[PDB]
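Notes follow the structure.
Any read-out appearing in this document is the output of simple, stated calculations on the displayed coordinates, not a laboratory observation. Cβ placement follows ideal geometry from the backbone for every residue including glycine, while neighbour counts extend to all protein chains displayed.
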Amino acid sequence: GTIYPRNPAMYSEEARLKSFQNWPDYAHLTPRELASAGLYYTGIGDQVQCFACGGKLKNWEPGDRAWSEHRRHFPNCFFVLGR
Amino acid sequence: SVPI
Ligand SMILES: [Zn+2]
C-alpha cells in the first residue's frame, strides 16, 4: 500500500484498548476514547501513541479530547484524515 | 496535550 501504519498490531481497536490495562489512575481520559482515536498506551506516564502516524501525546489536560488533540498535533495522519 |  501507499500508506503504512507505524504499528500494525495496534491496527485493531481492541488491541489498543487492551494496552490501557495499567493506564494510571490520574490519567483522566478513558481508554475507550483514546483507543477510538487511534491511540494506544506506551506504558510510560500518560503517554500514548497513534498506530497510524506514530505520533505520541502526553500531559493531557482537562478539556482535552483525544480526537481534537490528535488532529491538532498530527493533522496529516491517515487515521485523522480517514475518519 | 503535547507531542513527544
Ligand atoms: Zn495519528
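When chain A is treated as a GNM with alpha-carbon contacts under 10 Å, the residue of A:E13, A:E61, A:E69 showing the greatest mean-square fluctuation is A:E61.
Compute the Cα gyration tensor for the protein assembly as shown, then decide on rounded, prolate or oblate, letting a ≥ b ≥ c be the square roots of its eigenvalues: rounded whenever a/c is under 1.5, prolate when a/b is larger than b/c in the other cases, and oblate in all that remain. Cα axes put the protein assembly as shown in the oblate bin. Here the sum of -39500 (n - 2.57) over DSSP H runs of 4 or more residues, divided by the residues of chain A, equals -7000 deg cm²/dmol at 222 nm, to the nearest 500.
Can you classify segment A:16-63 as rounded, prolate or oblate using the Cα gyration tensor, where a ≥ b ≥ c are the square roots of its eigenvalues, rounded means a/c under 1.5, and otherwise it's prolate if a/b beats b/c and oblate if not?
rounded
Mean separation of Cα pairs under 8 Å and 6 or more residues apart, divided by the residue count, gives chain A a relative contact order of 27 percent.
As a rough footprinting exposure proxy, the listed residues A:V80, B:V2 were ranked by other beta carbons within 10 Å of their own, and the order from fewest upward is B:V2, A:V80.
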